[PDB]
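A short write-up of the structure that comes next.
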Number of protein chains: 2
Amino acid sequence: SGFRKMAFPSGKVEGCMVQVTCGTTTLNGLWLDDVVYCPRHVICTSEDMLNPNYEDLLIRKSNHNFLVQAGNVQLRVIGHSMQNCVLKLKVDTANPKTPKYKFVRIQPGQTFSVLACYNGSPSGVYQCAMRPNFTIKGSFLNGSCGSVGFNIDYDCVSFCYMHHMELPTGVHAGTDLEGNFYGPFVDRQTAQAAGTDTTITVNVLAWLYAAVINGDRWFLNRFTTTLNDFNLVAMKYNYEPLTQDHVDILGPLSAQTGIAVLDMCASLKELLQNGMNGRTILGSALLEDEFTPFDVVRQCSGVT
Amino acid sequence: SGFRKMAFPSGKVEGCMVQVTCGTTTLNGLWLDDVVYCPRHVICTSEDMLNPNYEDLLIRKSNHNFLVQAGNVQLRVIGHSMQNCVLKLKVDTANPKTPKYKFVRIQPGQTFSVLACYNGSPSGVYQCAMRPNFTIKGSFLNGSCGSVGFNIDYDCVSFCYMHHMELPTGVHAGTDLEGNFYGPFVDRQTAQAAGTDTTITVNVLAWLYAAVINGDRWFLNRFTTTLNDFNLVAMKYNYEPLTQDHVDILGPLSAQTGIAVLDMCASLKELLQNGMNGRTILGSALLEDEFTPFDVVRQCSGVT
Ligand SMILES: *CC(=O)Nc1nc2c(S(=O)(=O)NCCc3ccccc3)cccc2s1
Ligand SMILES: *CC(=O)Nc1nc2c(S(=O)(=O)NCCc3ccccc3)cccc2s1
């Protein structure tokens, strides 16, 4: 037993990390097959970021201006193209370490692991969630751009995120692997405020089930509620509305523990109204929302 | 910016994980060079665990009884020996994926990453600390035994932990890679209670520095304290005593932020006496103690 914020093993992604330099800007690239994916702002100087015209900036760049280095060996760039906010650098060598992969665009509330990289080198791995306001709360310093988010199903890596920027409030914005930003964010050094960061209700309930499975049960009460009654409370506390789809997804957890979803909603309702009263749940003093129902099942069953 | 509970990239360790079976027991092994390291309780049946005589149990085992599988290929066992609570299975093939490595015995308060594995397959990676009572709070289900803890310095993996057991209270005990248990724990299904789980004071202060560096400053106050005055408060709240060595280790963090160590101790003192008052620090509602001063410097500087 025991329940931890766990990231996927990062090895399959570590073998894809490369360094991309264009002029004086160095960031990370993702090498899959004979293509290197990286944020298009690799072609910008810090001055360009205020109001870049990426199409015009890219005209002044040729294949030889993109320096791609994998470890200490140089990749030969034979083509380049811009797809939305990412550059695709065609190289003459297929990455021999390319794992089975897919590009997926995740929904808010879904979790993924991030392999933070600097100069093409991995520094660490952590788990986060795509917030309902389409930001992520990561750990990204200068040079981390191009670091990627992913999930793994047995041998298939599903890439879902590429890091592009830090908003003035310290939260992070980025794209899927087709270069489309999550949310309304743009790759420009401009006023971009995030919307309300609401709590992922279905994730909190999943984590409450994980807590019961691992022995933390003090929060279980003698009450029940309805979806509409629960949602009145959820609205008041800036929690996402719970739908029947969310209830359905919690079904396997409800079955394992014998606690009906609406009874767990009544425990969550009381926790929202009364607080933790100085107590903890799974080593946390707040309600954790970055474990999906699938993460809880996966961790609680031992899927490798 | 941003500050996350980050694990080391696990790729170098993933290439060392193997499955070891002896009779009807299957757990994880660590393949480095031509040796496979695994918990000696692989030779036990669940009945044996009540009172095992490992030397007597090992007499009934030959090289051919240890089945070592790396992926889907079988390793040939040409020798076996017991070192403390670990078995060393000499195989005829050096692991071609062996990284640069060391075996280190860590001190309480030190952190490390764990690559949770089942049947020789990695399932996830997370960061934890060796508690002052020599337990770890991990996430280990049946089959996770033999999963390892490690730190990475550029290309060198320092293995520090091998998982062996779960105490009746849900906390975890294990050995270094020489097979010596951390703490007084034994590889026997017996009454083994853990001592006081005190808070790692030097780690909490390091994390308070990380919070200031990343913008969370509400807890900074107009006060200072002394080591003896602080330690009176630390004793009352089951925090480890802070020594001048701990102050010295926080020096680079004190210098970066301009906040003297004893002033940060006075902030911690007030936080202990008054609580968070419904507020959070780096997304936590409790004082986090599983980031060492070295982890804070490493994450805040971008070491790969
Ligand atoms: C994702 C990534 O690599 N971002 C980068 N940002 C910069 C910048 S910046 O946008 O001006 N932000 C600098 C923030 C900072 C860091 C350390 C001390 C003070 C301020 C400038 C240069 C390079 C990169 S890479
Ligand atoms: C570290 C590791 O692999 N531990 C294992 N423990 C067992 C046991 S046990 O010690 O009896 N614990 C079983 C706990 C449990 C799990 C699921 C449902 C109920 C109880 C038995 C068999 C195998 C392993 S591997």
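In what follows, every chain begins at residue 1, and chains take the letters A, B, ... in the order their sequences are listed.
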### Summary
Checked A/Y126, A/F3, A/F8 vs chain B; the most non-hydrogen pairs under 4.5 Å come from A/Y126
### Query
Most heavy-atom pairs under 4.5 angstrom with chain B, which of A/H172, A/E14, A/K12?
A/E14
### Query
Side chain, backbone, both or neither: which part of B/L115 has an atom under 4.5 Å from a heavy atom of chain A?
side chain
### Task
Kindly check if the number of other-residue, nucleotide or ligand heavy atoms within 6.0 Å of CZ (B/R217) is above 12?
no
### Leading residue by heavy atom contact count with chain B [cutoff under 4.5 Å; candidates A/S10, A/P122, A/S139, A/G124]
A/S139
### Query
In terms of heavy-atom contacts, does CD of A/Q256 have more than 12 from other residues, nucleotides or ligands at under 6.0 Å?
no
## Note on the structure
Most heavy-atom pairs under 4.5 Å with chain B, out of A/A285, A/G2, A/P9, belong to A/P9
### Task
Sort out for me which of A/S121, A/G278, A/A7, A/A116 touches chain B most, counting heavy-atom pairs under 4.5 Å.
A/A7
### Test item: A/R4 side-chain N/O and B/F140 main-chain N/O as donor-acceptor pair under 3.5 Å
no
### Message
Under 4.5 Å from any heavy atom of chain A, what part of B/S113 do you find: side chain, backbone, both or neither?
### Response
neither
### Query
What option among B/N142, B/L141, B/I152 has the most heavy-atom pairs under 4.5 Å with chain A?
B/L141
### Query
At a heavy-atom separation under 4.5 Å, does A/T280 approach chain B through its side chain, its backbone, both, or neither?
side chain
### Engaged part of B/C128 at the chain A interface, taking heavy atoms whose separation is under 4.5 Å
both
### Nearest heavy atoms of A/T304 and B/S123, plus distance in Å
CG2-CB, 3.7 Å
### Query
Which bit of B/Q127 is near chain A, if near means a heavy-atom gap under 4.5 Å: side chain, backbone, both or neither?
backbone
### Query
Near B/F294 CZ, under 6.0 Å, is it more than 12 heavy atoms from other residues, nucleotides or ligands?
no
### Task
Can you establish whether the number of heavy atoms outside B/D197 located under 6.0 Å from its atom CG is more than 12?
yes
### Message
Could you check whether atom OH of A/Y237 has more than 12 heavy atoms from other residues, nucleotides or ligands sitting under 6.0 Å from it?
### Response
yes
